[PDB]
file my_file13.cif (mmCIF, C-alpha atoms (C1' of nucleotides))
data_upload
loop_
_atom_site.group_PDB
_atom_site.id
_atom_site.type_symbol
_atom_site.label_atom_id
_atom_site.label_comp_id
_atom_site.auth_asym_id
_atom_site.auth_seq_id
_atom_site.Cartn_x
_atom_site.Cartn_y
_atom_site.Cartn_z
ATOM 1 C CA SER A 32 309.191 274.084 159.342
ATOM 2 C CA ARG A 33 308.266 277.736 160.093
ATOM 3 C CA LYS A 34 310.173 280.555 158.313
ATOM 4 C CA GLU A 35 309.139 283.741 160.283
ATOM 5 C CA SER A 36 308.888 287.339 158.882
ATOM 6 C CA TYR A 37 307.920 290.928 159.806
ATOM 7 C CA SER A 38 305.269 290.831 157.038
ATOM 8 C CA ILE A 39 302.282 291.212 159.402
ATOM 9 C CA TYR A 40 303.534 294.212 161.401
ATOM 10 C CA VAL A 41 304.207 296.284 158.251
ATOM 11 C CA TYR A 42 300.665 295.467 157.105
ATOM 12 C CA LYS A 43 299.287 296.338 160.532
ATOM 13 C CA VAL A 44 301.137 299.686 160.356
ATOM 14 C CA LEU A 45 299.867 300.358 156.834
ATOM 15 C CA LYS A 46 296.259 300.154 158.120
ATOM 16 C CA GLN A 47 297.295 302.672 160.826
ATOM 17 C CA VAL A 48 298.129 305.414 158.279
ATOM 18 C CA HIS A 49 296.224 304.649 155.029
ATOM 19 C CA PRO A 50 293.060 302.672 155.974
ATOM 20 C CA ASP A 51 291.955 302.113 152.349
ATOM 21 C CA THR A 52 295.362 301.112 150.907
ATOM 22 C CA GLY A 53 297.390 297.915 150.405
ATOM 23 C CA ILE A 54 300.679 296.361 149.242
ATOM 24 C CA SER A 55 301.551 294.074 146.352
ATOM 25 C CA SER A 56 303.451 290.919 147.357
ATOM 26 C CA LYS A 57 306.629 292.023 145.466
ATOM 27 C CA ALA A 58 306.419 295.355 147.300
ATOM 28 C CA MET A 59 306.156 293.521 150.626
ATOM 29 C CA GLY A 60 309.605 291.953 150.185
ATOM 30 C CA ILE A 61 311.049 295.476 150.109
ATOM 31 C CA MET A 62 309.649 296.349 153.552
ATOM 32 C CA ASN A 63 310.534 292.868 154.888
ATOM 33 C CA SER A 64 314.173 293.603 153.833
ATOM 34 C CA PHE A 65 314.378 297.257 154.822
ATOM 35 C CA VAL A 66 312.990 296.676 158.306
ATOM 36 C CA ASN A 67 315.631 294.049 159.151
ATOM 37 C CA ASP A 68 318.504 296.050 157.575
ATOM 38 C CA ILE A 69 317.778 298.848 160.070
ATOM 39 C CA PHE A 70 317.575 296.141 162.784
ATOM 40 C CA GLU A 71 321.104 294.982 162.002
ATOM 41 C CA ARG A 72 322.608 298.477 161.797
ATOM 42 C CA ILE A 73 321.244 299.334 165.271
ATOM 43 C CA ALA A 74 322.331 296.004 166.773
ATOM 44 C CA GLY A 75 325.847 296.293 165.303
ATOM 45 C CA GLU A 76 326.397 299.906 166.454
ATOM 46 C CA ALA A 77 324.938 299.306 169.922
ATOM 47 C CA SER A 78 327.204 296.270 170.276
ATOM 48 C CA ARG A 79 330.328 298.339 169.442
ATOM 49 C CA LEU A 80 329.229 301.091 171.823
ATOM 50 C CA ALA A 81 329.081 298.645 174.738
ATOM 51 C CA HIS A 82 332.514 297.276 173.799
ATOM 52 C CA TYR A 83 334.250 300.690 173.524
ATOM 53 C CA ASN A 84 333.008 301.534 177.048
ATOM 54 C CA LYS A 85 333.766 297.983 178.362
ATOM 55 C CA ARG A 86 330.187 297.235 179.459
ATOM 56 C CA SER A 87 328.536 293.834 179.098
ATOM 57 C CA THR A 88 324.841 294.798 178.964
ATOM 58 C CA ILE A 89 323.012 296.954 176.411
ATOM 59 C CA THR A 90 320.512 299.170 178.222
ATOM 60 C CA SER A 91 318.228 301.729 176.594
ATOM 61 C CA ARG A 92 321.047 304.355 176.445
ATOM 62 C CA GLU A 93 323.305 301.923 174.540
ATOM 63 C CA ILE A 94 320.624 302.034 171.792
ATOM 64 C CA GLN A 95 319.476 305.646 172.011
ATOM 65 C CA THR A 96 323.079 306.556 171.192
ATOM 66 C CA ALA A 97 323.196 304.053 168.319
ATOM 67 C CA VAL A 98 320.034 305.693 166.843
ATOM 68 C CA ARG A 99 321.423 309.206 167.402
ATOM 69 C CA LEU A 100 324.587 308.292 165.417
ATOM 70 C CA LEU A 101 322.931 306.273 162.678
ATOM 71 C CA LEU A 102 319.901 308.438 161.639
ATOM 72 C CA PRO A 103 320.551 311.480 159.451
ATOM 73 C CA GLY A 104 318.661 314.511 160.624
ATOM 74 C CA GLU A 105 315.131 315.323 161.825
ATOM 75 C CA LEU A 106 314.680 311.509 161.865
ATOM 76 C CA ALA A 107 317.150 311.321 164.785
ATOM 77 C CA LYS A 108 315.303 313.816 167.032
ATOM 78 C CA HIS A 109 311.937 312.280 166.040
ATOM 79 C CA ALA A 110 312.955 308.630 166.606
ATOM 80 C CA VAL A 111 314.527 309.568 169.972
ATOM 81 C CA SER A 112 311.327 311.406 170.945
ATOM 82 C CA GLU A 113 309.276 308.351 169.822
ATOM 83 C CA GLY A 114 311.256 305.639 171.608
ATOM 84 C CA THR A 115 311.234 307.635 174.884
ATOM 85 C CA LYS A 116 307.410 307.406 174.740
ATOM 86 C CA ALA A 117 307.527 303.615 174.524
ATOM 87 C CA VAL A 118 309.824 302.851 177.433
ATOM 88 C CA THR A 119 308.137 305.576 179.564
ATOM 89 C CA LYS A 120 304.768 303.835 179.035
ATOM 90 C CA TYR A 121 306.251 300.349 179.503
ATOM 91 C CA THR A 122 307.735 301.256 182.919
ATOM 92 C CA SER A 123 304.197 301.968 184.221
ATOM 93 C "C1'" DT B 1 300.944 357.708 85.540
ATOM 94 C "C1'" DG B 2 300.095 352.992 84.954
ATOM 95 C "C1'" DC B 3 300.427 347.998 86.315
ATOM 96 C "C1'" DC B 4 301.469 344.544 89.481
ATOM 97 C "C1'" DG B 5 304.052 342.511 92.678
ATOM 98 C "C1'" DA B 6 304.748 341.854 96.692
ATOM 99 C "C1'" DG B 7 301.962 341.893 100.835
ATOM 100 C "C1'" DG B 8 299.228 340.707 104.952
ATOM 101 C "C1'" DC B 9 294.923 337.867 107.244
ATOM 102 C "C1'" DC B 10 291.758 333.162 107.714
ATOM 103 C "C1'" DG B 11 289.173 327.405 106.739
ATOM 104 C "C1'" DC B 12 291.238 321.946 105.549
ATOM 105 C "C1'" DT B 13 293.998 317.608 107.081
ATOM 106 C "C1'" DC B 14 297.148 315.190 109.502
ATOM 107 C "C1'" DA B 15 299.614 313.678 113.959
ATOM 108 C "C1'" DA B 16 300.954 313.248 118.708
ATOM 109 C "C1'" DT B 17 298.919 313.266 123.778
ATOM 110 C "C1'" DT B 18 294.783 312.469 126.871
ATOM 111 C "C1'" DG B 19 291.612 311.007 128.666
ATOM 112 C "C1'" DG B 20 287.890 307.628 128.429
ATOM 113 C "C1'" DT B 21 285.455 302.746 128.398
ATOM 114 C "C1'" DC B 22 285.698 297.195 127.963
ATOM 115 C "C1'" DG B 23 286.278 292.969 129.689
ATOM 116 C "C1'" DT B 24 288.951 289.414 131.987
ATOM 117 C "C1'" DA B 25 292.589 287.132 134.949
ATOM 118 C "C1'" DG B 26 295.239 285.952 137.866
ATOM 119 C "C1'" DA B 27 296.993 287.849 142.729
ATOM 120 C "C1'" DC B 28 295.269 290.018 147.161
ATOM 121 C "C1'" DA B 29 292.822 290.215 151.102
ATOM 122 C "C1'" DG B 30 290.833 287.372 154.243
ATOM 123 C "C1'" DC B 31 289.149 282.950 156.606
ATOM 124 C "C1'" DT B 32 289.903 279.542 158.923
ATOM 125 C "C1'" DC B 33 292.740 277.965 160.461
ATOM 126 C "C1'" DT B 34 294.490 274.076 164.749
ATOM 127 C "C1'" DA B 35 298.562 273.834 164.631
ATOM 128 C "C1'" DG B 36 302.194 274.667 167.813
ATOM 129 C "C1'" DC B 37 305.412 276.555 169.540
ATOM 130 C "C1'" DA B 38 306.860 280.571 171.004
ATOM 131 C "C1'" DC B 39 305.299 284.608 174.741
ATOM 132 C "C1'" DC B 40 304.061 284.950 178.822
ATOM 133 C "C1'" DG B 41 303.832 284.443 183.975
ATOM 134 C "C1'" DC B 42 306.251 282.602 187.854
ATOM 135 C "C1'" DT B 43 309.628 281.592 190.663
ATOM 136 C "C1'" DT B 44 314.801 280.999 191.506
ATOM 137 C "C1'" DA B 45 319.495 282.249 192.255
ATOM 138 C "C1'" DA B 46 321.845 284.222 190.502
ATOM 139 C "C1'" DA B 47 325.943 289.479 187.546
ATOM 140 C "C1'" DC B 48 326.638 293.587 186.769
ATOM 141 C "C1'" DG B 49 325.075 298.141 186.814
ATOM 142 C "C1'" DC B 50 325.580 302.224 189.446
ATOM 143 C "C1'" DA B 51 325.819 306.709 192.940
ATOM 144 C "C1'" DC B 52 329.462 308.071 195.403
ATOM 145 C "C1'" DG B 53 335.740 311.504 198.224
ATOM 146 C "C1'" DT B 54 339.943 311.756 196.703
ATOM 147 C "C1'" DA B 55 344.709 311.415 194.362
ATOM 148 C "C1'" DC B 56 346.036 314.119 191.097
ATOM 149 C "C1'" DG B 57 346.695 314.622 185.621
ATOM 150 C "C1'" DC B 58 346.355 317.466 182.594
ATOM 151 C "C1'" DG B 59 343.097 321.154 180.250
ATOM 152 C "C1'" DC B 60 343.321 325.636 180.371
ATOM 153 C "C1'" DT B 61 345.612 330.028 181.465
ATOM 154 C "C1'" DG B 62 348.964 335.178 181.538
ATOM 155 C "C1'" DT B 63 353.037 336.481 179.601
ATOM 156 C "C1'" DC B 64 356.406 337.841 175.481
ATOM 157 C "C1'" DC B 65 358.276 337.085 170.222
ATOM 158 C "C1'" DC B 66 358.321 336.913 165.619
ATOM 159 C "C1'" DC B 67 356.938 334.602 160.116
ATOM 160 C "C1'" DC B 68 353.490 334.279 157.264
ATOM 161 C "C1'" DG B 69 349.981 336.750 156.441
ATOM 162 C "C1'" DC B 70 348.338 341.253 154.047
ATOM 163 C "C1'" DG B 71 348.511 344.610 150.431
ATOM 164 C "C1'" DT B 72 349.895 346.294 145.309
ATOM 165 C "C1'" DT B 73 350.201 346.207 140.547
ATOM 166 C "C1'" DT B 74 352.397 344.392 136.102
ATOM 167 C "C1'" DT B 75 351.893 341.271 133.208
ATOM 168 C "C1'" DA B 76 351.043 337.345 131.288
ATOM 169 C "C1'" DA B 77 348.972 334.127 128.887
ATOM 170 C "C1'" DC B 78 344.871 331.618 130.259
ATOM 171 C "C1'" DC B 79 340.567 331.295 129.046
ATOM 172 C "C1'" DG B 80 336.993 332.645 126.906
ATOM 173 C "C1'" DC B 81 334.907 333.504 122.376
ATOM 174 C "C1'" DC B 82 333.020 332.576 116.949
ATOM 175 C "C1'" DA B 83 332.897 330.545 112.714
ATOM 176 C "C1'" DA B 84 333.974 326.661 109.340
ATOM 177 C "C1'" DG B 85 334.569 321.844 107.936
ATOM 178 C "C1'" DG B 86 334.156 316.821 108.155
ATOM 179 C "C1'" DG B 87 332.542 313.280 109.271
ATOM 180 C "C1'" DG B 88 330.557 310.087 112.074
ATOM 181 C "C1'" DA B 89 326.624 309.818 114.947
ATOM 182 C "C1'" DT B 90 321.740 309.306 113.402
ATOM 183 C "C1'" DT B 91 317.384 307.773 110.901
ATOM 184 C "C1'" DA B 92 314.592 304.989 108.541
ATOM 185 C "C1'" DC B 93 314.068 300.872 106.191
ATOM 186 C "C1'" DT B 94 314.285 295.278 105.083
ATOM 187 C "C1'" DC B 95 316.022 290.872 106.190
ATOM 188 C "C1'" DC B 96 316.931 288.145 109.382
ATOM 189 C "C1'" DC B 97 317.975 285.241 113.926
ATOM 190 C "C1'" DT B 98 316.888 284.123 118.319
ATOM 191 C "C1'" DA B 99 314.405 285.404 122.745
ATOM 192 C "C1'" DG B 100 311.025 283.835 124.656
ATOM 193 C "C1'" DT B 101 306.901 280.261 125.603
ATOM 194 C "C1'" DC B 102 305.343 275.622 126.860
ATOM 195 C "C1'" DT B 103 305.904 271.220 127.413
ATOM 196 C "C1'" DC B 104 307.852 266.965 128.392
ATOM 197 C "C1'" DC B 105 311.095 264.697 131.108
ATOM 198 C "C1'" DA B 106 314.958 263.083 134.950
ATOM 199 C "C1'" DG B 107 317.689 262.760 138.335
ATOM 200 C "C1'" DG B 108 320.978 265.999 141.153
ATOM 201 C "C1'" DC B 109 321.134 267.677 144.926
ATOM 202 C "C1'" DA B 110 319.500 270.544 148.142
ATOM 203 C "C1'" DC B 111 316.562 269.295 151.193
ATOM 204 C "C1'" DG B 112 315.459 266.878 155.211
ATOM 205 C "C1'" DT B 113 316.189 263.642 159.470
ATOM 206 C "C1'" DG B 114 318.658 260.165 163.009
ATOM 207 C "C1'" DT B 115 322.727 259.559 166.326
ATOM 208 C "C1'" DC B 116 325.224 260.933 169.610
ATOM 209 C "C1'" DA B 117 331.693 262.538 169.903
ATOM 210 C "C1'" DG B 118 335.179 264.981 169.513
ATOM 211 C "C1'" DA B 119 334.779 268.755 170.190
ATOM 212 C "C1'" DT B 120 335.534 273.106 173.502
ATOM 213 C "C1'" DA B 121 333.982 275.046 177.825
ATOM 214 C "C1'" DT B 122 334.888 275.528 182.759
ATOM 215 C "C1'" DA B 123 338.153 274.988 187.421
ATOM 216 C "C1'" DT B 124 342.172 274.939 190.020
ATOM 217 C "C1'" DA B 125 347.088 275.351 190.453
ATOM 218 C "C1'" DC B 126 350.650 277.997 188.639
ATOM 219 C "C1'" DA B 127 354.901 279.590 186.435
ATOM 220 C "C1'" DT B 128 355.991 282.551 183.219
ATOM 221 C "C1'" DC B 129 355.723 286.081 179.984
ATOM 222 C "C1'" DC B 130 354.883 290.384 179.556
ATOM 223 C "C1'" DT B 131 354.398 295.336 181.146
ATOM 224 C "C1'" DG B 132 356.291 299.530 183.294
ATOM 225 C "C1'" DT B 133 360.113 301.283 184.696
ATOM 226 C "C1'" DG B 134 364.526 302.986 184.428
ATOM 227 C "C1'" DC B 135 368.572 304.030 181.482
ATOM 228 C "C1'" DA B 136 373.570 304.998 177.411
ATOM 229 C "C1'" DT B 137 374.446 306.552 172.386
ATOM 230 C "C1'" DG B 138 373.710 307.136 168.075
ATOM 231 C "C1'" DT B 139 371.456 309.139 164.629
ATOM 232 C "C1'" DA B 140 368.867 311.900 162.245
ATOM 233 C "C1'" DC B 141 368.666 316.710 162.453
ATOM 234 C "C1'" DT B 142 369.744 321.880 161.625
ATOM 235 C "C1'" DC B 143 373.244 324.792 159.968
ATOM 236 C "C1'" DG B 144 376.982 326.832 156.891
ATOM 237 C "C1'" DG B 145 379.867 326.873 152.644
ATOM 238 C "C1'" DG B 146 380.683 325.333 147.983
ATOM 239 C "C1'" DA B 147 379.448 322.576 143.505
ATOM 240 C "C1'" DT B 148 376.265 321.474 139.997
ATOM 241 C "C1'" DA B 149 372.092 322.359 137.318
ATOM 242 C "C1'" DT B 150 368.570 325.293 134.732
ATOM 243 C "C1'" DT B 151 366.130 328.993 133.930
ATOM 244 C "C1'" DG B 152 365.582 333.254 130.792
#
call {"tool": "encode", "arguments": {"input": "my_file13.cif", "output": "structure tokens"}}
result
Amino acid sequence: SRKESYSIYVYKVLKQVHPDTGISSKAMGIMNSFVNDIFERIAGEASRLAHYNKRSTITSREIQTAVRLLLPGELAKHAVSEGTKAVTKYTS
DNA sequence: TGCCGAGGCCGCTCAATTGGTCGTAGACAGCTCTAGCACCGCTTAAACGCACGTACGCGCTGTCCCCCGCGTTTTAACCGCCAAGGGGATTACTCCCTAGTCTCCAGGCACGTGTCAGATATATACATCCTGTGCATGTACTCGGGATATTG
């Protein structure tokens, strides 16, 4: 049966930024772990945020707050400026 | 005087880094998967978000009124130092034992499916438990006066 991983999107993104470069298989497992750790931290914090405010859904703002808590510094104001591109394009 | 003695500049030789070149071996990138099952598109009947006075709760506000802050300097030893001594942390070697490799070999069990049940969800009726409110005392508190402990 199928096992499923993020392994292709990290490779796709590598060819976005370093078109000559590659990854060893052992160094893929790192990205395939890291990328789902940050998934869980955002899901867990966004879940608590909905609960504290006694909502049921989790709209964009329930995540933009979870990113603006969880990320340390310039990464917060960058990631917030990056995600507000994506939904602004999607809703056209 | 003397002598020379003590004195100050320049090619071998060895010993790490540094960068170069050789060749070869899995492991990476990529193809074709093919394959399939998830994403999507397409409806539906759907829940839950949300833009919006008003009762009004409390966040913030204008006063006076005092300790703890604020300021000084003596001193007090705290903290720093240097120098010496002893060993115990260190170095370099030789013998030694096993860590590690590979290879064979089995069955333990983790893996997987095959069925379908006792499980828990959902509704309606409902009674009851639990909250919010209102309400006496009982204590834990702040003070004053004296006894015991301890610092210098």
call {"tool": "closest_residue", "arguments": {"input": "my_file13.cif", "among": "A:33, A:72, A:120, A:43", "to": "chain B", "atoms": "all atoms listed in the file"}}
result
A:33
call {"tool": "interface_residues", "arguments": {"input": "my_file13.cif", "of": "chain B", "to": "chain A", "cutoff": "10 Å", "atoms": "all atoms listed in the file", "output": "PDB file with C-alpha atoms (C1' of nucleotides), keeping the file's coordinate frame"}}
result
ATOM      1  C1'  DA B  27     296.993 287.849 142.729  1.00  0.00           C
ATOM      2  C1'  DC B  28     295.269 290.018 147.161  1.00  0.00           C
ATOM      3  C1'  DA B  29     292.822 290.215 151.102  1.00  0.00           C
ATOM      4  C1'  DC B  37     305.412 276.555 169.540  1.00  0.00           C
ATOM      5  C1'  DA B  47     325.943 289.479 187.546  1.00  0.00           C
ATOM      6  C1'  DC B  48     326.638 293.587 186.769  1.00  0.00           C
ATOM      7  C1'  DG B  49     325.075 298.141 186.814  1.00  0.00           C
TER       8       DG B  49
END
call {"tool": "atom_distance", "arguments": {"input": "my_file13.cif", "atom1": "atom CA of residue 70 of chain A", "atom2": "atom CA of residue 110 of chain A"}}
result
13.9 Å
call {"tool": "residues_around", "arguments": {"input": "my_file13.cif", "residues": "segment 78-84 of chain A", "least_positions_apart": "3", "cutoff": "9 Å", "atoms": "all atoms listed in the file", "output": "compact mmCIF listing (two decimals) with C-alpha atoms, keeping the file's coordinate frame"}}
result
# COMPACT_ATOMS: atom_id res chain seq x y z
CA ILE A 73 321.24 299.33 165.27
CA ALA A 74 322.33 296.00 166.77
CA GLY A 75 325.85 296.29 165.30
CA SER A 87 328.54 293.83 179.10
CA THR A 88 324.84 294.80 178.96
CA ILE A 89 323.01 296.95 176.41
CA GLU A 93 323.30 301.92 174.54
CA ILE A 94 320.62 302.03 171.79
CA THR A 96 323.08 306.56 171.19
CA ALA A 97 323.20 304.05 168.32
call {"tool": "atom_distance", "arguments": {"input": "my_file13.cif", "atom1": "atom CA of residue 50 of chain A", "atom2": "atom CA of residue 63 of chain A"}}
result
20.1 Å
call {"tool": "resolve_selection", "arguments": {"input": "my_file13.cif", "expression": "the PyMOL selection byres ((chain A and resi 111-118) around 12)", "output": "count of residues only"}}
result
24
call {"tool": "atom_distance", "arguments": {"input": "my_file13.cif", "atom1": "atom CA of residue 69 of chain A", "atom2": "atom CA of residue 38 of chain A"}}
result
15.2 Å
call {"tool": "closest_residue", "arguments": {"input": "my_file13.cif", "among": "A:46, A:36, A:103, A:85", "to": "residue 62 of chain A", "atoms": "only C-alpha atoms"}}
result
A:36
